[PDB]
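Novice: My file is target00.csv. It has CSV, N, CA and C atoms and all ligand atoms:
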```csv
chain,number,residue,atom,x,y,z
A,1794,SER,N,-2.1,-40.9,24.2
A,1794,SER,CA,-3.1,-39.9,24.5
A,1794,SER,C,-2.6,-38.5,24.7
A,1795,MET,N,-3.5,-37.5,24.9
A,1795,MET,CA,-3.1,-36.1,25.1
A,1795,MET,C,-2.2,-35.9,26.3
A,1796,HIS,N,-1.1,-35.2,26.1
A,1796,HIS,CA,-0.3,-34.8,27.3
A,1796,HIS,C,-1.0,-33.7,28.0
A,1797,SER,N,-0.9,-33.7,29.4
A,1797,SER,CA,-1.6,-32.7,30.2
A,1797,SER,C,-1.2,-31.3,29.9
A,1798,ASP,N,0.1,-31.1,29.3
A,1798,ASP,CA,0.5,-29.7,29.0
A,1798,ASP,C,-0.4,-29.1,27.9
A,1799,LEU,N,-1.2,-29.9,27.2
A,1799,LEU,CA,-2.1,-29.4,26.1
A,1799,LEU,C,-3.6,-29.2,26.6
A,1800,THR,N,-3.8,-29.4,28.0
A,1800,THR,CA,-5.2,-29.2,28.5
A,1800,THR,C,-5.8,-27.9,28.1
A,1801,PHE,N,-5.0,-26.8,28.1
A,1801,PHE,CA,-5.5,-25.5,27.7
A,1801,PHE,C,-6.1,-25.5,26.3
A,1802,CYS,N,-5.5,-26.3,25.4
A,1802,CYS,CA,-6.0,-26.5,24.0
A,1802,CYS,C,-7.3,-27.3,24.0
A,1803,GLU,N,-7.4,-28.3,24.9
A,1803,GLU,CA,-8.6,-29.1,25.0
A,1803,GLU,C,-9.8,-28.2,25.4
A,1804,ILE,N,-9.5,-27.3,26.4
A,1804,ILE,CA,-10.5,-26.3,26.9
A,1804,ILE,C,-10.9,-25.3,25.8
A,1805,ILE,N,-10.0,-24.8,25.1
A,1805,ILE,CA,-10.3,-23.8,24.0
A,1805,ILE,C,-11.2,-24.5,23.0
A,1806,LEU,N,-10.9,-25.8,22.6
A,1806,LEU,CA,-11.7,-26.5,21.6
A,1806,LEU,C,-13.1,-26.7,22.1
A,1807,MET,N,-13.2,-27.2,23.4
A,1807,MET,CA,-14.5,-27.3,24.0
A,1807,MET,C,-15.4,-26.1,24.0
A,1808,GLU,N,-14.7,-24.9,24.3
A,1808,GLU,CA,-15.4,-23.6,24.3
A,1808,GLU,C,-15.8,-23.2,22.9
A,1809,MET,N,-14.9,-23.5,21.9
A,1809,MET,CA,-15.3,-23.3,20.5
A,1809,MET,C,-16.6,-24.1,20.1
A,1810,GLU,N,-16.6,-25.4,20.4
A,1810,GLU,CA,-17.7,-26.2,20.1
A,1810,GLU,C,-19.0,-25.7,20.7
A,1811,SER,N,-18.9,-25.1,21.8
A,1811,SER,CA,-20.1,-24.6,22.5
A,1811,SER,C,-20.6,-23.3,22.0
A,1812,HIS,N,-19.8,-22.6,21.2
A,1812,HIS,CA,-20.1,-21.2,20.7
A,1812,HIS,C,-21.3,-21.2,19.8
A,1813,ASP,N,-22.1,-20.1,19.9
A,1813,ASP,CA,-23.3,-20.0,19.0
A,1813,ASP,C,-23.0,-20.1,17.5
A,1814,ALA,N,-21.8,-19.7,17.1
A,1814,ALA,CA,-21.4,-19.7,15.7
A,1814,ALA,C,-20.7,-21.0,15.3
A,1815,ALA,N,-20.6,-22.0,16.1
A,1815,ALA,CA,-19.8,-23.1,15.8
A,1815,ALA,C,-20.5,-24.2,15.0
A,1816,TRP,N,-21.8,-24.1,14.9
A,1816,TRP,CA,-22.6,-25.2,14.3
A,1816,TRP,C,-22.2,-25.6,12.9
A,1817,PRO,N,-21.6,-24.7,12.0
A,1817,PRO,CA,-21.2,-25.2,10.7
A,1817,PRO,C,-20.0,-26.1,10.8
A,1818,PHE,N,-19.2,-26.1,11.9
A,1818,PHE,CA,-17.8,-26.6,12.0
A,1818,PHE,C,-17.7,-27.8,12.9
A,1819,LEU,N,-18.8,-28.3,13.4
A,1819,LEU,CA,-18.7,-29.3,14.5
A,1819,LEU,C,-18.2,-30.6,13.9
A,1820,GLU,N,-18.6,-31.0,12.7
A,1820,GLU,CA,-18.3,-32.2,12.0
A,1820,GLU,C,-17.8,-31.9,10.6
A,1821,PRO,N,-17.2,-32.9,10.0
A,1821,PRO,CA,-16.7,-32.7,8.6
A,1821,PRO,C,-17.8,-32.1,7.7
A,1822,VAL,N,-17.4,-31.3,6.8
A,1822,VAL,CA,-18.3,-30.7,5.8
A,1822,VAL,C,-18.9,-31.9,5.1
A,1823,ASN,N,-20.3,-31.9,5.0
A,1823,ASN,CA,-21.0,-33.1,4.7
A,1823,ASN,C,-21.4,-33.1,3.2
A,1824,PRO,N,-20.9,-34.1,2.4
A,1824,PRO,CA,-21.3,-34.2,1.0
A,1824,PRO,C,-22.8,-34.4,0.8
A,1825,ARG,N,-23.5,-34.9,1.8
A,1825,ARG,CA,-25.0,-35.0,1.7
A,1825,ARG,C,-25.7,-33.6,1.6
A,1826,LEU,N,-25.0,-32.6,2.1
A,1826,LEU,CA,-25.5,-31.2,2.2
A,1826,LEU,C,-25.0,-30.2,1.3
A,1827,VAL,N,-23.8,-30.4,0.7
A,1827,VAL,CA,-23.2,-29.5,-0.2
A,1827,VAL,C,-22.3,-30.3,-1.2
A,1828,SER,N,-22.3,-29.9,-2.5
A,1828,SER,CA,-21.4,-30.6,-3.5
A,1828,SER,C,-20.2,-29.7,-3.7
A,1829,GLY,N,-19.2,-30.4,-4.4
A,1829,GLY,CA,-18.1,-29.7,-4.8
A,1829,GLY,C,-17.1,-29.1,-3.8
A,1830,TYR,N,-17.2,-29.6,-2.5
A,1830,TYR,CA,-16.4,-29.1,-1.5
A,1830,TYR,C,-15.0,-29.5,-1.5
A,1831,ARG,N,-14.7,-30.9,-1.5
A,1831,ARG,CA,-13.4,-31.4,-1.5
A,1831,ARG,C,-12.8,-31.2,-2.9
A,1832,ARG,N,-13.6,-30.9,-3.9
A,1832,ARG,CA,-13.0,-30.5,-5.2
A,1832,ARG,C,-12.0,-29.3,-5.0
A,1833,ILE,N,-12.4,-28.4,-4.2
A,1833,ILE,CA,-11.7,-27.1,-3.9
A,1833,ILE,C,-10.8,-27.2,-2.7
A,1834,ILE,N,-11.3,-27.8,-1.6
A,1834,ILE,CA,-10.7,-27.7,-0.3
A,1834,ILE,C,-9.9,-29.0,-0.1
A,1835,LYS,N,-8.6,-28.9,-0.2
A,1835,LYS,CA,-7.7,-30.0,-0.2
A,1835,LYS,C,-7.4,-30.5,1.2
A,1836,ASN,N,-7.6,-29.8,2.3
A,1836,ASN,CA,-7.4,-30.2,3.6
A,1836,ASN,C,-8.5,-29.9,4.5
A,1837,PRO,N,-9.7,-30.6,4.4
A,1837,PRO,CA,-10.8,-30.3,5.2
A,1837,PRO,C,-10.4,-30.4,6.7
A,1838,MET,N,-11.1,-29.6,7.5
A,1838,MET,CA,-10.9,-29.7,9.0
A,1838,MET,C,-12.2,-29.3,9.7
A,1839,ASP,N,-12.4,-29.9,10.9
A,1839,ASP,CA,-13.6,-29.6,11.7
A,1839,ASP,C,-13.3,-29.9,13.1
A,1840,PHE,N,-14.2,-29.4,14.0
A,1840,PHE,CA,-13.9,-29.5,15.4
A,1840,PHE,C,-13.9,-31.0,16.0
A,1841,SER,N,-14.8,-31.9,15.5
A,1841,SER,CA,-14.7,-33.2,15.9
A,1841,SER,C,-13.4,-33.9,15.6
A,1842,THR,N,-13.0,-33.7,14.3
A,1842,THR,CA,-11.7,-34.3,13.9
A,1842,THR,C,-10.6,-33.8,14.8
A,1843,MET,N,-10.6,-32.5,15.2
A,1843,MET,CA,-9.6,-31.9,16.1
A,1843,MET,C,-9.7,-32.5,17.5
A,1844,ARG,N,-11.0,-32.7,18.0
A,1844,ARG,CA,-11.2,-33.2,19.3
A,1844,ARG,C,-10.6,-34.6,19.4
A,1845,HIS,N,-10.8,-35.5,18.4
A,1845,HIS,CA,-10.3,-36.8,18.5
A,1845,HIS,C,-8.8,-36.9,18.3
A,1846,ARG,N,-8.3,-36.0,17.4
A,1846,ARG,CA,-6.9,-36.0,17.2
A,1846,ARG,C,-6.2,-35.5,18.5
A,1847,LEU,N,-6.7,-34.5,19.1
A,1847,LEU,CA,-6.0,-34.0,20.4
A,1847,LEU,C,-6.1,-35.1,21.4
A,1848,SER,N,-7.2,-35.8,21.6
A,1848,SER,CA,-7.4,-36.7,22.7
A,1848,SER,C,-6.5,-38.0,22.5
A,1849,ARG,N,-6.2,-38.4,21.3
A,1849,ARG,CA,-5.4,-39.6,21.0
A,1849,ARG,C,-3.9,-39.3,21.0
A,1850,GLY,N,-3.5,-38.1,21.2
A,1850,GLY,CA,-2.1,-37.8,21.1
A,1850,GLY,C,-1.6,-37.4,19.7
A,1851,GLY,N,-2.5,-37.1,18.8
A,1851,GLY,CA,-2.2,-36.6,17.4
A,1851,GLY,C,-1.7,-35.2,17.3
A,1852,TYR,N,-1.7,-34.4,18.3
A,1852,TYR,CA,-1.0,-33.1,18.4
A,1852,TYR,C,0.1,-33.3,19.4
A,1853,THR,N,1.3,-33.2,19.0
A,1853,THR,CA,2.4,-33.1,19.9
A,1853,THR,C,2.6,-31.7,20.5
A,1854,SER,N,2.3,-30.7,19.8
A,1854,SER,CA,2.4,-29.3,20.2
A,1854,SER,C,1.2,-28.5,20.0
A,1855,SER,N,1.1,-27.4,20.8
A,1855,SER,CA,0.0,-26.5,20.7
A,1855,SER,C,0.0,-25.8,19.3
A,1856,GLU,N,1.1,-25.7,18.7
A,1856,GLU,CA,1.1,-25.0,17.4
A,1856,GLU,C,0.5,-25.9,16.3
A,1857,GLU,N,0.6,-27.2,16.4
A,1857,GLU,CA,-0.1,-28.1,15.5
A,1857,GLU,C,-1.6,-28.0,15.7
A,1858,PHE,N,-2.0,-27.9,16.9
A,1858,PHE,CA,-3.5,-27.7,17.2
A,1858,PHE,C,-4.0,-26.4,16.6
A,1859,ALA,N,-3.2,-25.3,16.9
A,1859,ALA,CA,-3.7,-24.0,16.3
A,1859,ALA,C,-3.7,-24.0,14.8
A,1860,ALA,N,-2.8,-24.7,14.2
A,1860,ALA,CA,-2.8,-24.8,12.7
A,1860,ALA,C,-4.1,-25.4,12.2
A,1861,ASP,N,-4.5,-26.5,12.9
A,1861,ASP,CA,-5.8,-27.1,12.5
A,1861,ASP,C,-7.0,-26.2,12.7
A,1862,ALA,N,-7.0,-25.4,13.9
A,1862,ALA,CA,-8.1,-24.5,14.1
A,1862,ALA,C,-8.1,-23.5,13.0
A,1863,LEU,N,-7.0,-22.9,12.6
A,1863,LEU,CA,-6.9,-21.9,11.6
A,1863,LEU,C,-7.3,-22.5,10.2
A,1864,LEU,N,-7.0,-23.7,10.0
A,1864,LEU,CA,-7.4,-24.4,8.8
A,1864,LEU,C,-9.0,-24.4,8.6
A,1865,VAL,N,-9.7,-24.7,9.7
A,1865,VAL,CA,-11.1,-24.6,9.7
A,1865,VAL,C,-11.6,-23.3,9.1
A,1866,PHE,N,-11.0,-22.2,9.6
A,1866,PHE,CA,-11.5,-20.8,9.2
A,1866,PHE,C,-10.9,-20.5,7.9
A,1867,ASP,N,-9.7,-20.9,7.5
A,1867,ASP,CA,-9.2,-20.6,6.2
A,1867,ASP,C,-10.0,-21.3,5.1
A,1868,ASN,N,-10.3,-22.6,5.4
A,1868,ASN,CA,-11.2,-23.3,4.4
A,1868,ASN,C,-12.5,-22.6,4.2
A,1869,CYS,N,-13.1,-22.2,5.4
A,1869,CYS,CA,-14.4,-21.5,5.3
A,1869,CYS,C,-14.4,-20.3,4.5
A,1870,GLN,N,-13.3,-19.4,4.6
A,1870,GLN,CA,-13.2,-18.2,3.8
A,1870,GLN,C,-12.8,-18.6,2.3
A,1871,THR,N,-12.2,-19.7,2.1
A,1871,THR,CA,-12.0,-20.1,0.7
A,1871,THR,C,-13.2,-20.5,-0.1
A,1872,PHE,N,-14.2,-21.1,0.6
A,1872,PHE,CA,-15.3,-21.8,0.0
A,1872,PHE,C,-16.5,-20.9,0.0
A,1873,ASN,N,-16.7,-20.1,1.0
A,1873,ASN,CA,-18.0,-19.4,1.3
A,1873,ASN,C,-17.8,-17.9,1.1
A,1874,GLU,N,-18.9,-17.3,0.6
A,1874,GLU,CA,-18.9,-15.9,0.5
A,1874,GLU,C,-18.9,-15.3,1.9
A,1875,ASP,N,-18.3,-14.1,2.0
A,1875,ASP,CA,-18.2,-13.5,3.3
A,1875,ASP,C,-19.5,-13.1,3.9
A,1876,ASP,N,-20.5,-12.8,3.1
A,1876,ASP,CA,-21.9,-12.5,3.6
A,1876,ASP,C,-22.8,-13.6,3.7
A,1877,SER,N,-22.4,-14.9,3.5
A,1877,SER,CA,-23.2,-16.0,3.7
A,1877,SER,C,-23.3,-16.4,5.1
A,1878,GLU,N,-24.3,-17.2,5.5
A,1878,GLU,CA,-24.4,-17.6,6.9
A,1878,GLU,C,-23.2,-18.3,7.4
A,1879,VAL,N,-22.6,-19.2,6.7
A,1879,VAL,CA,-21.5,-20.0,7.1
A,1879,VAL,C,-20.2,-19.1,7.1
A,1880,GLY,N,-20.1,-18.2,6.0
A,1880,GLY,CA,-19.0,-17.3,6.0
A,1880,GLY,C,-18.9,-16.4,7.2
A,1881,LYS,N,-20.1,-15.8,7.6
A,1881,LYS,CA,-20.1,-15.0,8.8
A,1881,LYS,C,-19.7,-15.8,10.0
A,1882,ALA,N,-20.2,-17.0,10.1
A,1882,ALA,CA,-19.9,-17.8,11.3
A,1882,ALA,C,-18.4,-18.1,11.4
A,1883,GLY,N,-17.7,-18.3,10.3
A,1883,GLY,CA,-16.3,-18.5,10.3
A,1883,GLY,C,-15.5,-17.3,10.8
A,1884,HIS,N,-15.9,-16.1,10.4
A,1884,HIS,CA,-15.3,-14.9,10.9
A,1884,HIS,C,-15.5,-14.7,12.4
A,1885,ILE,N,-16.7,-15.0,12.9
A,1885,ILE,CA,-17.0,-15.0,14.4
A,1885,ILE,C,-16.0,-16.0,15.1
A,1886,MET,N,-16.0,-17.2,14.6
A,1886,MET,CA,-15.2,-18.2,15.2
A,1886,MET,C,-13.7,-17.9,15.2
A,1887,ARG,N,-13.2,-17.4,14.1
A,1887,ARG,CA,-11.8,-17.0,14.0
A,1887,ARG,C,-11.4,-16.0,15.1
A,1888,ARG,N,-12.3,-14.9,15.2
A,1888,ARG,CA,-12.0,-13.9,16.3
A,1888,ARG,C,-12.1,-14.6,17.7
A,1889,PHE,N,-13.1,-15.4,17.9
A,1889,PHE,CA,-13.2,-16.1,19.2
A,1889,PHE,C,-11.9,-16.9,19.5
A,1890,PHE,N,-11.5,-17.7,18.5
A,1890,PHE,CA,-10.3,-18.5,18.7
A,1890,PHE,C,-9.1,-17.6,19.0
A,1891,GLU,N,-8.8,-16.6,18.1
A,1891,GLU,CA,-7.6,-15.8,18.2
A,1891,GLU,C,-7.6,-15.0,19.5
A,1892,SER,N,-8.7,-14.6,20.0
A,1892,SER,CA,-8.8,-13.9,21.3
A,1892,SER,C,-8.4,-14.9,22.5
A,1893,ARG,N,-8.8,-16.1,22.4
A,1893,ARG,CA,-8.4,-17.1,23.4
A,1893,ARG,C,-7.0,-17.5,23.3
A,1894,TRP,N,-6.5,-17.6,22.0
A,1894,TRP,CA,-5.1,-18.0,21.8
A,1894,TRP,C,-4.1,-16.9,22.3
A,1895,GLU,N,-4.5,-15.6,22.1
A,1895,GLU,CA,-3.7,-14.5,22.5
A,1895,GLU,C,-3.5,-14.4,24.0
A,1896,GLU,N,-4.4,-15.0,24.8
A,1896,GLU,CA,-4.1,-15.0,26.2
A,1896,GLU,C,-2.8,-15.8,26.5
A,1897,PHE,N,-2.6,-16.9,25.8
A,1897,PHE,CA,-1.5,-17.8,26.0
A,1897,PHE,C,-0.2,-17.4,25.2
A,1898,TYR,N,-0.4,-16.7,24.1
A,1898,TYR,CA,0.7,-16.4,23.2
A,1898,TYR,C,0.8,-14.9,23.0
A,1899,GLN,N,1.6,-14.3,23.9
A,1899,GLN,CA,1.8,-12.9,24.0
A,1899,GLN,C,3.1,-12.7,24.9
A,1901,LIG,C1,-19.5,-25.4,2.6
A,1901,LIG,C2,-19.1,-25.1,4.1
A,1901,LIG,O1,-18.1,-24.6,4.4
A,1901,LIG,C3,-20.1,-25.6,5.2
A,1901,LIG,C4,-19.7,-25.7,6.5
A,1901,LIG,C5,-18.3,-25.5,7.1
A,1901,LIG,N1,-20.8,-26.2,7.2
A,1901,LIG,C6,-21.8,-26.2,6.3
A,1901,LIG,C7,-23.2,-26.6,6.8
A,1901,LIG,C8,-24.4,-26.0,6.5
A,1901,LIG,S1,-25.6,-26.7,7.3
A,1901,LIG,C9,-24.6,-27.7,8.1
A,1901,LIG,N2,-25.0,-28.7,9.2
A,1901,LIG,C10,-24.0,-29.6,9.8
A,1901,LIG,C11,-24.6,-30.8,10.5
A,1901,LIG,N3,-25.9,-30.6,11.1
A,1901,LIG,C12,-26.8,-30.1,10.2
A,1901,LIG,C13,-26.4,-28.7,9.7
A,1901,LIG,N4,-23.3,-27.6,7.9
A,1901,LIG,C14,-21.4,-25.9,5.1
A,1901,LIG,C15,-22.4,-25.8,3.8
A,1901,LIG,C16,-22.9,-24.4,3.6
A,1901,LIG,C17,-24.2,-24.3,2.7
A,1901,LIG,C18,-23.9,-24.9,1.3
A,1901,LIG,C19,-25.4,-25.0,3.4
A,1902,LIG,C1,-30.6,-29.0,9.0
A,1902,LIG,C2,-29.6,-28.7,7.8
A,1902,LIG,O1,-29.1,-29.5,7.3
A,1902,LIG,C3,-29.4,-27.2,7.4
A,1902,LIG,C4,-28.9,-26.9,6.2
A,1902,LIG,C5,-28.5,-27.7,5.0
A,1902,LIG,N1,-28.8,-25.5,6.1
A,1902,LIG,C6,-29.1,-25.0,7.3
A,1902,LIG,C7,-29.1,-23.5,7.6
A,1902,LIG,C8,-28.1,-22.6,7.1
A,1902,LIG,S1,-28.5,-21.1,7.6
A,1902,LIG,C9,-29.9,-21.5,8.4
A,1902,LIG,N2,-30.8,-20.6,9.0
A,1902,LIG,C10,-32.3,-21.0,9.3
A,1902,LIG,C11,-33.2,-19.8,9.5
A,1902,LIG,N3,-32.7,-18.8,10.5
A,1902,LIG,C12,-31.3,-18.9,10.8
A,1902,LIG,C13,-30.5,-19.2,9.5
A,1902,LIG,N4,-30.2,-22.9,8.3
A,1902,LIG,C14,-29.5,-26.1,8.1
A,1902,LIG,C15,-30.0,-25.9,9.7
A,1902,LIG,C16,-28.8,-26.3,10.5
A,1902,LIG,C17,-28.9,-25.7,11.9
A,1902,LIG,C18,-27.8,-26.3,12.8
A,1902,LIG,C19,-28.8,-24.1,11.9
```
Let me see the file written as structure tokens.
Ligand SMILES: CC(=O)c1c(C)[nH]c(-c2csc(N3CCNCC3)n2)c1CCC(C)C
Ligand SMILES: CC(=O)c1c(C)[nH]c(-c2csc(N3CCNCC3)n2)c1CCC(C)C
Specialist:
Amino acid sequence: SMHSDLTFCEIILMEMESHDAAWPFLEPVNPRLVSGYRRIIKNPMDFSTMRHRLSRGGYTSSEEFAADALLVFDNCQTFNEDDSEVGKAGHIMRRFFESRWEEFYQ
């Protein structure tokens, strides 16, 4: 399971999931709702996958956790136009994440 030293990451992820712009990213991108996603996006990521990975001990370090967070936002900007609803949400969430991360990494 998760080491207590990563509790700050668990909290950041909880706060991300609660954010008004998080709704696109809560669960894996759903083939029932959009086609051609995994054709393009070779490493899908979403907050529920991260939540389960963190809780089971699948992140040994905070850097591995942060890499998956950034993968959510990198995938979003690779697939979606910047002015689309999901594209805009990804930019909001990246800023929110990076602002929280910078409290710890400075
Ligand atoms: C392609 C993409 O990057 C997307 C991401 C990260 N999310 C979503 C999305 C949209 S609507 C929804 N849910 C989740 C589950 N609950 C119902 C609503 N997820 C997309 C598809 C965008 C567009 C093609 C509709
Ligand atoms: C239910 C669902 O599967 C959905 C699919 C495929 N797309 C969208 C979507 C994208 S953007 C937008 N709007 C609505 C009108 N006002 C705000 C912008 N709805 C949804 C609703 C999901 C909900 C979590 C927001």
Novice: Kindly assemble as CSV a list of the chain A residues that lie within 5 Å of ligand LIG 1901 (chain A), each paired with its nearest atom pair and their distance in Å to one decimal, using only N, CA and C atoms and all ligand atoms, sorted first by chain and then by ascending residue number.
Specialist:
```
residue,atom,partner,partner_atom,distance
A:1817,CA,A:LIG1901,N1,3.7
A:1818,N,A:LIG1901,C5,4.9
A:1827,CA,A:LIG1901,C18,4.9
A:1869,CA,A:LIG1901,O1,4.9
```
Novice: Which chain A residues have any atom within 6 Å of an atom of ligand LIG 1902 (chain A), and for each, what is the nearest pair of atoms with distance in Å to one decimal, counting only N, CA and C atoms and all ligand atoms, rows sorted by chain and number, as JSON lines?
Specialist:
```
{"residue": "A:1816", "atom": "CA", "partner": "A:LIG1902", "partner_atom": "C18", "distance": 5.5}
{"residue": "A:1826", "atom": "CA", "partner": "A:LIG1902", "partner_atom": "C5", "distance": 5.4}
{"residue": "A:1878", "atom": "CA", "partner": "A:LIG1902", "partner_atom": "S1", "distance": 5.4}
```
Novice: Quick one: pull the distance between atom N of residue A:1833 and atom CA of residue A:1847, Å, one decimal.
Specialist: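 A separation of 26.0 Å between them.
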Novice: Find the residues around residue A:1836 up to 8 Å (only C-alpha atoms counted), leave out those fewer than 3 positions away in its own chain, and share them as a PyMOL selection string.
Specialist: chain A and resi 1831+1864+1868
Novice: Quick one: residues within 10 Å of residue A:1854, only C-alpha atoms counted, chain neighbours fewer than 2 positions away excluded, as a list in words?
Specialist: residues 1796, 1798, 1799, 1802, 1847, 1850, 1851, 1852, 1856, 1857, 1858 and 1859 of chain A
Novice: Could you check the closest approach to residue A:1795 for each of A:1848, A:1823, A:1828, A:1842 and tell me which residue wins, using only C-alpha atoms?
Specialist: A:1848
Novice: What gap, in Å, lies between atom CA of residue A:1815 and atom C of residue A:1899?
Specialist: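 Separating atom CA of residue A:1815 from atom C of residue A:1899 is a distance of 26.7 Å.
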Novice: In Å, with one decimal, what is the gap from atom N of residue A:1871 to atom N of residue A:1806?
Specialist: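 These two atoms are separated by 21.4 Å.
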Novice: Restricting the calculation to all atoms listed in the file, which member of A:1800, A:1830, A:1808, A:1888 is positioned closest to residue A:1872?
Specialist: A:1830
Novice: Some atoms are absent from stretch 1798-1816 of chain A, so rebuild N, CA, C and O atoms and return them as a JSON list (two decimals), in the frame of the given file.
Specialist:
```json
[["chain", "number", "residue", "atom", "x", "y", "z"],
["A", 1798, "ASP", "N", 0.10, -31.10, 29.30],
["A", 1798, "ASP", "CA", 0.50, -29.70, 29.00],
["A", 1798, "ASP", "C", -0.40, -29.10, 27.90],
["A", 1798, "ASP", "O", -0.38, -27.86, 27.69],
["A", 1799, "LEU", "N", -1.20, -29.90, 27.20],
["A", 1799, "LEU", "CA", -2.10, -29.40, 26.10],
["A", 1799, "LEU", "C", -3.60, -29.20, 26.60],
["A", 1799, "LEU", "O", -4.46, -28.96, 25.85],
["A", 1800, "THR", "N", -3.80, -29.40, 28.00],
["A", 1800, "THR", "CA", -5.20, -29.20, 28.50],
["A", 1800, "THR", "C", -5.80, -27.90, 28.10],
["A", 1800, "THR", "O", -6.97, -27.81, 27.80],
["A", 1801, "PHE", "N", -5.00, -26.80, 28.10],
["A", 1801, "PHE", "CA", -5.50, -25.50, 27.70],
["A", 1801, "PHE", "C", -6.10, -25.50, 26.30],
["A", 1801, "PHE", "O", -7.08, -24.84, 26.01],
["A", 1802, "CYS", "N", -5.50, -26.30, 25.40],
["A", 1802, "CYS", "CA", -6.00, -26.50, 24.00],
["A", 1802, "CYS", "C", -7.30, -27.30, 24.00],
["A", 1802, "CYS", "O", -8.28, -26.92, 23.32],
["A", 1803, "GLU", "N", -7.40, -28.30, 24.90],
["A", 1803, "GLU", "CA", -8.60, -29.10, 25.00],
["A", 1803, "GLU", "C", -9.80, -28.20, 25.40],
["A", 1803, "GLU", "O", -10.92, -28.34, 24.92],
["A", 1804, "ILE", "N", -9.50, -27.30, 26.40],
["A", 1804, "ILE", "CA", -10.50, -26.30, 26.90],
["A", 1804, "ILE", "C", -10.90, -25.30, 25.80],
["A", 1804, "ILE", "O", -12.12, -25.08, 25.60],
["A", 1805, "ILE", "N", -10.00, -24.80, 25.10],
["A", 1805, "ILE", "CA", -10.30, -23.80, 24.00],
["A", 1805, "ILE", "C", -11.20, -24.50, 23.00],
["A", 1805, "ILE", "O", -12.20, -23.96, 22.50],
["A", 1806, "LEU", "N", -10.90, -25.80, 22.60],
["A", 1806, "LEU", "CA", -11.70, -26.50, 21.60],
["A", 1806, "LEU", "C", -13.10, -26.70, 22.10],
["A", 1806, "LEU", "O", -14.10, -26.55, 21.42],
["A", 1807, "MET", "N", -13.20, -27.20, 23.40],
["A", 1807, "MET", "CA", -14.50, -27.30, 24.00],
["A", 1807, "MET", "C", -15.40, -26.10, 24.00],
["A", 1807, "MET", "O", -16.54, -26.07, 23.64],
["A", 1808, "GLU", "N", -14.70, -24.90, 24.30],
["A", 1808, "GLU", "CA", -15.40, -23.60, 24.30],
["A", 1808, "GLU", "C", -15.80, -23.20, 22.90],
["A", 1808, "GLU", "O", -16.89, -22.67, 22.66],
["A", 1809, "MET", "N", -14.90, -23.50, 21.90],
["A", 1809, "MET", "CA", -15.30, -23.30, 20.50],
["A", 1809, "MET", "C", -16.60, -24.10, 20.10],
["A", 1809, "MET", "O", -17.49, -23.54, 19.51],
["A", 1810, "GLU", "N", -16.60, -25.40, 20.40],
["A", 1810, "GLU", "CA", -17.70, -26.20, 20.10],
["A", 1810, "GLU", "C", -19.00, -25.70, 20.70],
["A", 1810, "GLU", "O", -20.06, -25.96, 20.12],
["A", 1811, "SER", "N", -18.90, -25.10, 21.80],
["A", 1811, "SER", "CA", -20.10, -24.60, 22.50],
["A", 1811, "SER", "C", -20.60, -23.30, 22.00],
["A", 1811, "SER", "O", -21.69, -22.83, 22.40],
["A", 1812, "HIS", "N", -19.80, -22.60, 21.20],
["A", 1812, "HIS", "CA", -20.10, -21.20, 20.70],
["A", 1812, "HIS", "C", -21.30, -21.20, 19.80],
["A", 1812, "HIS", "O", -21.56, -22.16, 19.04],
["A", 1813, "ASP", "N", -22.10, -20.10, 19.90],
["A", 1813, "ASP", "CA", -23.30, -20.00, 19.00],
["A", 1813, "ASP", "C", -23.00, -20.10, 17.50],
["A", 1813, "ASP", "O", -23.85, -20.46, 16.76],
["A", 1814, "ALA", "N", -21.80, -19.70, 17.10],
["A", 1814, "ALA", "CA", -21.40, -19.70, 15.70],
["A", 1814, "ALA", "C", -20.70, -21.00, 15.30],
["A", 1814, "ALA", "O", -20.15, -21.02, 14.15],
["A", 1815, "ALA", "N", -20.60, -22.00, 16.10],
["A", 1815, "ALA", "CA", -19.80, -23.10, 15.80],
["A", 1815, "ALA", "C", -20.50, -24.20, 15.00],
["A", 1815, "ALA", "O", -19.86, -25.09, 14.48],
["A", 1816, "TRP", "N", -21.80, -24.10, 14.90],
["A", 1816, "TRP", "CA", -22.60, -25.20, 14.30],
["A", 1816, "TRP", "C", -22.20, -25.60, 12.90],
["A", 1816, "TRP", "O", -22.27, -26.78, 12.59]]
```
